[PDB]
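Q: Here is my input, please return the structure:
(2 chains, ligands or ions: 2)
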Number of protein chains: 2
Amino acid sequence: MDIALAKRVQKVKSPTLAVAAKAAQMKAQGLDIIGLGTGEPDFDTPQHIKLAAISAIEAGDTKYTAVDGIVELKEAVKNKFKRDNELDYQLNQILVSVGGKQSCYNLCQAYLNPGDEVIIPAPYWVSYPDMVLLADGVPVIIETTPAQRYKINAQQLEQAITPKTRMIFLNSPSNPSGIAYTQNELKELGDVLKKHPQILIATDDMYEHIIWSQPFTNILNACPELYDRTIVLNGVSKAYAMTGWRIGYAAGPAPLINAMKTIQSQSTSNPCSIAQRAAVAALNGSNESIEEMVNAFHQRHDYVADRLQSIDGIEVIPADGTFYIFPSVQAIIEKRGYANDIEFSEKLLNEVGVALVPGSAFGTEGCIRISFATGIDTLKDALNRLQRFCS
Amino acid sequence: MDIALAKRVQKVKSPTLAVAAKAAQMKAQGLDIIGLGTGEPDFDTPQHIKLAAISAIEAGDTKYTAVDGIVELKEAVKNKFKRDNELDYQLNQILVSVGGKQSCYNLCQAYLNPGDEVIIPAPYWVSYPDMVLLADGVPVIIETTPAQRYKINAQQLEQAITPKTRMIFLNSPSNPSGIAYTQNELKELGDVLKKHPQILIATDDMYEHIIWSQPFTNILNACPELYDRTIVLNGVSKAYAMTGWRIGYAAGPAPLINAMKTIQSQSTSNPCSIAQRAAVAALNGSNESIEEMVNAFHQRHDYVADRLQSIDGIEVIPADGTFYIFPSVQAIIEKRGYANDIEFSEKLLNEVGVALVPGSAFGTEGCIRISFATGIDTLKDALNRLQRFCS
Ligand SMILES: Cc1ncc(COP(=O)(O)O)c(C=O)c1O
Ligand SMILES: Cc1ncc(COP(=O)(O)O)c(C=O)c1O
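A: Numbering: from 1, shown residues only, chains lettered A, B, ... in the order given. Ligands and ions are numbered 1, 2, ... in the order given. Take a look:
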């Protein structure tokens, strides 16, 4: 007999890591593949962070640590939230985790009960619904359009809330759209959320530093009165090109943070001790390397957006930040008679070798997520191929 | 209003990491504290493993990897299981995780349904019941005595099994007793397990290399016919003094391993990329550093066991391996009128500064777990203090 799988894992299907595995596979066969599906910076970890990790290895920092992070890193997080976000957190409000993904997963396991509804704006990071489902929560998707710049409004939010709603993910700047809410937009959402006090607000600020159209702002900057029911989710993966090291961090209400620490203490223990020391050097160091990387993404974005605009049948909303852009190819799908954006993306990959992620993976049919965390020369080639495929 | 906690997290209370935090705290106040509660080797990570990690950092191995491990590490695990354990696994049967704790936690989340019973022999590693409870499983504890050398027998196992039993943890050599089953003992347990085919066998071989009284053997060496319903859990934390790096690995039935990979893909993504490269160097390198460390634990064990034997009111069963020994202080508790082994351990810490873990944390009242992952000079001091306290 085959080993049966738990009912909870039968609820879930990760297509971003799956495209990555298919792209690596077809490159392994020797084919001419350009990967526009990546979810990490192409830049290496900055040298001063690498040097701090090497110093930690040489010093023998190879042991278990406090589950929620060495005190130097919890302090660096505390100071970062004050310095960058004008938010005051005590050490017992801070949890360092194995990537920001684990912050989110620990949150769901520490907080959500079976049947609880979680508002997830589309387009959404692929993992939000699956993490909710693994806690037996119920994803409640709010669909958005380009005319709304892929952002929910206060009337959509109120309409989606029920007496069963206990959480919302607010991810700004967004994976996959690259769009960020303005402070006033967050204020209008906060005014709705103030009317529903059982809703915990999970603000996923992972892409905070990767923004150029406006200064970063989150729900607590807009609505300080929501502090006691908000958890702030962040990490070093994107700002410091540290995706492989797996360090995220969160700040929020002490009882919730302690419950998340309890989940973590029974699942991973502390994150890698060397990675923790690397993250101290990142958070306490200069922003110079951040600015270098964000400037690169900005110039690449403007190039890609211009190329997409010029391709007949592709409609695009320019991003505010991140290394993603999220154009609609629905007109190409319709003129070709493709079934959907999965067929579009499979045909594109097999015809011209460009790998990207179908918009339906993020809950928005007919779009595609293009990542420009690759060199501008590779982007010129890839957009040439996309233009030829769509011609 | 305080943020409420999920019902699942209200089910759980980690006391090994808690003693560690209290010991570090009292040392911080400047007090004369000896920590005999540690759960990791005192030796640093071997130099050749450190050098491989540094080489990976310098090479820019700082990106996301396959969630279940880079192919070089999955291959090293495959070869390790064949070389050490005469077990044949394909790559799709292997999962690298964030510590062996995450292997165990992923297993529970991928496999256990609410109400499923899990047999957990006492004394048990503190995390087994809590990981089961977080999947809404039901821990079913089998209590053992020193006259049984803290090992279950086939009649106890059969009596504990019900139609609801779907899993058993078999941890040999044991945390906290240090005792290992013989091959024939595992054969007798396997004969019971063959009569109950819905029971998945989770053999936690983390302490495999840290053994001296007999060659290591597990349930599949004893009973090869259980291969299709056994998951083998192991890791580099103990054998290579790598606890801070967080690399575990497991091998078992492909559908189950894939479901565990699904949980991992929605919780942590891949383990730290640098740590994965370090683990490749460990598994593919010489056993010389393992033997050096295990020889040290062996000589320290024999010293500690002899000192414990000489203290009136302490009864001890010598360990077969690990860096733990698990004597009973019940006679001290009774002559003093202490309430239990928690009171014993608190009084010992406050009177003479020796920190250790009460046996009730592992489900065996009246014992204490002493770790000898510290230098022999510190052990002489600590045992002197214990002798004075117990006098
Ligand atoms: C919106 C969002 N949140 C969180 C994460 C988690 O990233 P990591 O687990 O590498 O910290 C990601 C992925 O990069 C993301 O896109
Ligand atoms: C019995 C047992 N299994 C698994 C583990 C997991 O160790 P780690 O998560 O560091 O790999 C431990 C702790 O060291 C343990 O004692």
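Q: Show me which residues of the stretch 151-300 of chain A sit near ligand 2.
A: Proximity of the stretch 151-300 of chain A to ligand 2, by C-beta under 6 Å from any ligand atom, involves residues residue A:269. From N, CA and C alone the C-beta is placed, and that goes for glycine too.
Q: In the stretch 151-300 of chain A, what residue comes closest to ligand 2?
A: residue A:269 (5.6 Å; C-beta to the nearest ligand atom).
Q: Now do that residue: how many residues are near it, please.
A: 26 (other C-beta atoms under 10 Å in any protein chain shown).
Q: Regarding it, what is its secondary structure?
A: Secondary structure, DSSP: H, G, I helix; E, B strand; the rest coil: residue A:269 is coil.
Q: is it true that it touches residue B:104?
A: No - with contact defined as C-beta atoms under 8 Å, residue A:269 and residue B:104 do not form a contacting pair (11.3 Å).
Q: Could you pull out the strands in the stretch 101-250 of chain A for me?
A: A:117-121, A:138-142, A:165-171, A:200-204, A:230-235, A:248-251 (DSSP state E, counting those that start in this stretch).
Q: Quick one: closest of those strands to chain B.
A: Each of those was scored for nearness to chain B using C-beta to the nearest C-beta, and the closest is strand A:200-204 (6.5 Å).
Q: Alpha carbons only: can I get the closest one in CSV?
A: Taking C-alpha atoms only, strand A:200-204 is exported to CSV below (Å, rounded to 0.1, in the frame of the first residue of the first chain):
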residue,chain,number,x,y,z
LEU,A,200,-5.2,40.7,12.6
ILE,A,201,-3.3,42.7,9.9
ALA,A,202,-0.2,41.0,8.5
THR,A,203,1.8,43.6,6.6
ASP,A,204,4.4,41.8,4.4
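Q: I would like the residues contacting that strand, please.
A: A:100, A:104, A:107, A:111, A:125, A:166-172, A:193, A:218-220, A:226, A:229-233, A:256, B:3 (C-beta atoms under 8 Å, 6 or more residues apart in numbering or on different chains).
Q: ok so, going back, so for residue A:77, which of the strands of the stretch 101-250 of chain A sits nearest?
A: Closest of those to residue A:77 is strand A:248-251, at 4.8 Å (criterion: C-beta to C-beta).
Q: Neighbouring strands of that closest one in the sheet, and parallel or not?
A: In the sheet, strand A:248-251 lines up against strand A:94-97 (antiparallel), strand A:230-235 (antiparallel) (DSSP bridges).
Q: which bits of chain A sit near ligand 1?
A: A:39, A:99-101, A:125, A:171, A:175, A:204, A:206, A:235, A:237, A:243, A:248.
Q: Out of the residues you listed, the closest to residue B:389 would be?
A: When those are compared for distance to residue B:389 (C-beta to C-beta), residue A:248 wins out at 43.5 Å.
Q: helix or strand right after the longest helix seen in chain A?
A: In chain A, taking DSSP state H as the definition, the longest helix is helix A:288-310. On the C-terminal side of helix A:288-310, the closest following helix or strand by DSSP states H and E is strand A:324-325.
Q: which of the residues in whichever helix or strand comes after that following strand are buried?
A: Using DSSP H and E, the helix or strand that follows strand A:324-325 towards the C-terminus is helix A:330-336. Applying a neighbour-count criterion of 16 or more other C-beta atoms under 10 Å in any protein chain shown, one finds A:330, A:332-333 buried in helix A:330-336.
Q: Mind giving me the packing neighbours of helix A:330-336?
A: Packed against helix A:330-336 by the contact rule (3 or more C-beta pairs under 8 Å, 6 or more residues apart in numbering or on different chains; DSSP states H and E) you find helix A:341-352.
Q: again, only this time at 10 Å
A: Applying 3 or more C-beta pairs under 10 Å, 6 or more residues apart in numbering or on different chains; DSSP states H and E, we find helix A:330-336 packed against helix A:341-352, helix A:376-390.
Q: then the last one to CSV, C-alphas only?
A: Going back to what we said before, that points to helix A:376-390. Taking Å, rounded to 0.1, in the frame of the first residue of the first chain, the C-alpha atoms of helix A:376-390 are listed here in CSV:
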residue,chain,number,x,y,z
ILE,A,376,20.0,44.2,-19.1
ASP,A,377,21.6,42.3,-22.0
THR,A,378,19.7,39.2,-21.1
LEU,A,379,16.5,41.3,-20.8
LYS,A,380,17.0,42.7,-24.3
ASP,A,381,17.3,39.2,-25.7
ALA,A,382,14.3,37.9,-23.7
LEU,A,383,12.1,40.8,-24.7
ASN,A,384,13.1,40.3,-28.4
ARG,A,385,12.0,36.7,-28.1
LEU,A,386,8.7,37.7,-26.4
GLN,A,387,8.1,40.3,-29.2
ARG,A,388,8.8,37.6,-31.9
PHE,A,389,6.5,35.1,-30.1
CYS,A,390,3.7,37.6,-29.8
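Q: Can that helix be said to contact chain B?
A: No - Helix A:376-390 lies out of reach of chain B by C-beta under 10 Å from any C-beta of the partner chain, never closer than 16.1 Å.
Q: Can you check what angle separates that helix from helix A:341-352?
A: Helix A:376-390 and helix A:341-352 are oriented at 110 degrees to each other (axes from the mean of the first three to the mean of the last three C-alpha atoms, to 10 degrees).
Q: the inter-axis angle of helix A:376-390 versus helix A:288-310?
A: Using the same axes, to 10 degrees: helix A:376-390 against helix A:288-310 is 20 degrees.
Q: Centre of the chain to helix A:376-390, how far?
A: Centroid separation for helix A:376-390 versus its chain: 25 Å, with C-alpha atoms, centre = their mean, to the nearest Å.
Q: and what of stretch A:273-287?
A: 20 Å.
Q: Report the buried residues of it.
A: Neighbour-count burial for stretch A:273-287, counted by 16+ other C-beta under 10 Å, picks out A:273-283, A:285.
Q: just stretch A:300-312 next, same as before
A: So stretch A:300-312, judged by 16+ other C-beta under 10 Å, has buried residues A:300-301, A:304-305, A:307-308, A:311.
Q: Then stretch A:39-58?
A: A:39-46, A:49-50, A:52-54, A:56-57.
Q: and that stretch with chain B, contact?
A: Yes - contact of stretch A:39-58 with chain B (C-beta under 10 Å from any C-beta) involves A:39-47, A:49-51, A:53-54, A:56-58.
Q: Which ones among those lie within helices?
A: Using DSSP H, those in helices are A:47, A:49-51, A:53-54, A:56-58.
Q: Can you check the distance spanned by stretch A:132-146, start to finish?
A: 26 Å (C-alpha to C-alpha, to the nearest Å).
Q: do stretch A:34-43 as well
A: Span of stretch A:34-43 from end to end, C-alpha to C-alpha: 17 Å.
Q: Surely residue A:209 and residue A:283 touch.
A: No - the pair residue A:209 and residue A:283 fails to qualify as a contact (C-beta atoms under 10 Å) at a distance of 11.3 Å.
Q: Now the common contact residues for these two.
A: Residues touching both residue A:209 and residue A:283 (C-beta atoms under 10 Å, 6 or more residues apart in numbering or on different chains) are A:84, A:234, A:239-240.
Q: Would you convert the residues you listed into a markdown table that also reports neighbour count?
A: Below are these laid out as a markdown table (neighbours: other C-beta atoms under 10 Å in any protein chain shown):
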| residue | neighbour count |
| --- | --- |
| A:84 | 15 |
| A:234 | 27 |
| A:239 | 21 |
| A:240 | 26 |
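Q: Which of those residues sits closest to ligand 1?
A: residue A:234 (8.7 Å).
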